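First comes the structure, then the notes that go with it.
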Amino acid sequence: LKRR
Amino acid sequence: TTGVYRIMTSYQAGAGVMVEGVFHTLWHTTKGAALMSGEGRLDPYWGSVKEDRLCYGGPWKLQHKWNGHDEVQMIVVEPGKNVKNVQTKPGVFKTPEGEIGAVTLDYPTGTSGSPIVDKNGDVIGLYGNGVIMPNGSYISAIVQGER
Amino acid sequence: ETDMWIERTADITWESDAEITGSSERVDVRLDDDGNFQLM
């Protein structure tokens, strides 16, 4: 999604 | 000790870098939880939720940024694997406060906080706060602030 | 108590043999107050  | 680190909790929650005795990561990897280390417990020193940045042991030490001209490398800290570097020419996130260098590299969750480096081996930011494009492709900011 | 710790794994270095990958995209985004980038 938007972060790792 | 200066270098690249895995953040563990066993499984890998993220990564970061120790530079000039300060540990640097993205805020979201630990949410400010203390970190045990070989040199004892490290406590969060400064953090910004908006910027998704967090450091332990002292103020932010990373002073270099993408120069806007060159390719960069990510030191990919993948869970369960030795590190490996990948090289790419950043694009940009266009925001009101200027452009932010951005890389189309898509790695597992445990990799947030992996450092991005310039040709001199200086850390210019960290991987793992970005956007998903409508086609599903991931792009991370090169996450950085001033020292 | 915390249940998190750090483990050193590598030097900070540039690898001369690194694979070159990815593209240079240009995207309008805003950063919201809780640190989430939003597509515009």
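Some values worked out for this structure:
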| read-out | value |
| --- | --- |
| All positions within region C:15-40 that are among the polar types (S, T, N, Q) and more than 7 Å from chain B (Cβ to nearest Cβ) | C:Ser16, C:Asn36, C:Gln38 |
| B:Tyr45 being hydroxyl-bearing (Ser, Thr, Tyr), out of contact with any helix residue (DSSP H, G or I) (no Cβ under 8 Å at 6 or more places or on another chain) and in a loop (DSSP other than H, G, I, E, B) | no |
| Residue under evaluation B:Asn85, criteria (1) over 12 Å from the mean Cα position of the chain (by Cα); (2) more than 8 Å from every other protein chain (Cβ to nearest Cβ); (3) closer than 19 Å to B:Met18 by Cβ, criterion not met | (2) |
| Qualifying position, being assigned to a loop (DSSP other than H, G, I, E, B), within 7 Å of another protein chain (Cβ to nearest Cβ) and of a type in the set (A, V, I, L, M), among C:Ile6, C:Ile12 | C:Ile12 |
| Matching residues in region B:113-147 - criterion: being polar (S, T, N, Q), over 13 Å from the mean Cα position of the chain (by Cα) and within 13 Å of chain A (Cβ to nearest Cβ) | B:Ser137 |
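So that you can scan it fast, the table gives a plain yes or no per residue for (1) among the aromatic types (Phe, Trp, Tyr); (2) surrounded by fewer than 18 Cβ atoms within 10 Å (Cβ to Cβ):
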position	(1), (2)
B:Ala13	no, no
B:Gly21	no, yes
B:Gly38	no, yes
B:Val49	no, yes
B:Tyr56	yes, no
B:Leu62	no, no
B:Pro79	no, yes
B:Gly91	no, no
B:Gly101	no, no
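Since every read-out is calculated from the coordinates, none of them should be taken as a lab result. FYI the Cβ positions are ideal-geometry reconstructions off the backbone, even for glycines, and counts take in every protein chain you see.
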